[PDB]
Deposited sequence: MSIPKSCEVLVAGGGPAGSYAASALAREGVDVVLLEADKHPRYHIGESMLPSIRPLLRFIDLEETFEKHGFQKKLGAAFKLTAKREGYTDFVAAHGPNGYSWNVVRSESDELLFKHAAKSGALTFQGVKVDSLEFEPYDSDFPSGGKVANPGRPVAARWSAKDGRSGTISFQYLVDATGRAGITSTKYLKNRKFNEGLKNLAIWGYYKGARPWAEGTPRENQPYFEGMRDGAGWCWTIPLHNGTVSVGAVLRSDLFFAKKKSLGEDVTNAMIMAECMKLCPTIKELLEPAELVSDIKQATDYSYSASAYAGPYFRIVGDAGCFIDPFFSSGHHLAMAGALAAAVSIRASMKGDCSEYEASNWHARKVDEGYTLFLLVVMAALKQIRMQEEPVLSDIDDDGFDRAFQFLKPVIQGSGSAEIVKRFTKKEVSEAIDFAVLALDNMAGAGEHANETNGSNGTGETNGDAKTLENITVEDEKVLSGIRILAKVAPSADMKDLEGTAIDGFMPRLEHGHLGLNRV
């Protein structure tokens, strides 16, 4: 049965949970991982970044993902306005071995979850964390502006649908709960929504649509374009299941402003405002149900505290235009494992480690924030030279600067590919468009240097 005591409790067996559980268990930590669903289970989020490989490599899962046979993504196209699309190429930057994947999430989350068990973490499914018990930490615990002291969490109550129930004690907590955000939403209450990105989304899977850039060395790559009226944007993501993932994103007010099988109809109506998406789906056959979900973007006032870490959607969320969700989940899961291991064996104080994790979550989120915002500003405009596109017929100059951030660099040190000089130019270029400790990433010696 589930043990009463462990070293680290990881709440939620999603990508950020399984990654943090595996990375800690591969260091020998007595990790317990609790997941309310039994894998495989459906979840949306199939487009990945090339940063997935260095992250998966640290936990020795990269080749297992390669051997599964997901649809490879060599890049992504972004037709923000009526001008010709901008395109980021993964295999050009990282070589012919540097492609990423478009992923059926029911299977990758299983691969990560089973890898956590094979890594030596105690994994349990159908077990839901009902509550967290924060003991008072009445001692000084300073912040740099991104950690909070609701006390120290030391026990969690859990239930299983087969009727068993109990409580588990732990020394550290990893919050990978997801949108539910148990710590951020239900013990803390520090979710800060961005009113400009309070979006809604609808999607479905289609068979027989014909690929983009047929014959071209960029055939059937993921394709994103903004609506010609500027109200939102749509995506196409082809998958190995034989279907292409298709969906549309609109702000909550602008979504019902077009309410003037309703979900299937607005899917077709919003599709009209994307002429190239409209062209690709001409012969398409619908095989999926068309599903709607909330898609609000939010940050948090704190991402860590006394002996607990918040990772992935449990802390922050940004509009999935640049496929940042799965990247930021595992990138924060690595920072949680690094900061916990540093705290465990005395590389630094807990407040030094907890603050370090919270920054790596905050600055990583900030990078995609200003980049996605610049694209969404260009999508909300159409004729105005956002990204400085006045004299050109495309965005290729803009995506030459946005290269490192769009491909997942700029905060996690494990993404060695791009220099911090190039990243700085990615930040400077994007803000003008809108206008210490060091990880020891060695297996068996994970922690922080000064």
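Query raised in the report: How would you write out the unmodelled ranges of the deposited sequence, numbered from 1?
Result: Model skips 1, 262-266, 442-504, 520 of the deposited chain.
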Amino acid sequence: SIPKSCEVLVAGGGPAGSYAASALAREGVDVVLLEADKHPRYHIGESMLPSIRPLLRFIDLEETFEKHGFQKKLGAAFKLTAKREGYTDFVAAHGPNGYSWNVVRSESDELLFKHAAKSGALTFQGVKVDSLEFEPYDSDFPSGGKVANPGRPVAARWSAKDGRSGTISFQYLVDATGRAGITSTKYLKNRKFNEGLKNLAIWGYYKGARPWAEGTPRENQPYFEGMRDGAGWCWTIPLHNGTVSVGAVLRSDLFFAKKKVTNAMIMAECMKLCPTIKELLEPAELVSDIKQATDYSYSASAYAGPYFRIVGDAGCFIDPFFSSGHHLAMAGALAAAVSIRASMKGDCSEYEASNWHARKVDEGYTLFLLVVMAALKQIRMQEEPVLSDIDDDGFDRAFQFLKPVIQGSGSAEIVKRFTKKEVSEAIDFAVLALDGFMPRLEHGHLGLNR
From here on, numbers count along this sequence of modelled residues.
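Report task. Decide which of the stretches 304-312 and 216-224 has the higher mean C-alpha B-factor, going by the entry. Result -> Mean B over CA atoms: larger for 216-224.
Query raised in the report: What stretch has the higher average Cα B-factor here, 47-55 or 379-387?
Result: Taking the mean C-alpha B-factor of 47-55 and of 379-387, the larger value falls to 379-387.
Query raised in the report: Based on what the PDB entry reports, which of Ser339, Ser324, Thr243, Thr183 has the top C-alpha B-factor?
Result: Of the options given, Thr243 has the highest CA B-factor in the PDB entry.
Query raised in the report: Which of these has the highest Cα B-factor in the record: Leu112, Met373, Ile266, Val129?
Result: Of the candidates given, the C-alpha B-factor peaks at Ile266.
Query - Ranked against its chain, the third holding the CA B-factor of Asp30 - result: As the PDB entry reports it, the C-alpha B-factor of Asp30 lands in the lowest third of its chain.
Query raised in the report: Going by what the PDB entry lists, where does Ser165 fall on CA B-factor within its chain: lowest, middle or highest third?
Result: Highest third, going by the recorded CA B-factors of the chain.
Query raised in the report: Which third of the chain holds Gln171 when residues are ordered by C-alpha B factor: lowest, middle or highest?
Result: Lowest third - that is where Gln171 ends up once the chain's C-alpha B-factors are sorted.
Query raised in the report: By the record's CA B-factor, is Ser106 among the lowest, middle or highest third of residues in the chain?
Result: Middle third, going by the recorded CA B-factors of the chain.
Query - Chain third (lowest, middle, highest) by recorded CA B-factor, residue given as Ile318 - result: According to the entry, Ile318 has a C-alpha B-factor in the chain's middle third.
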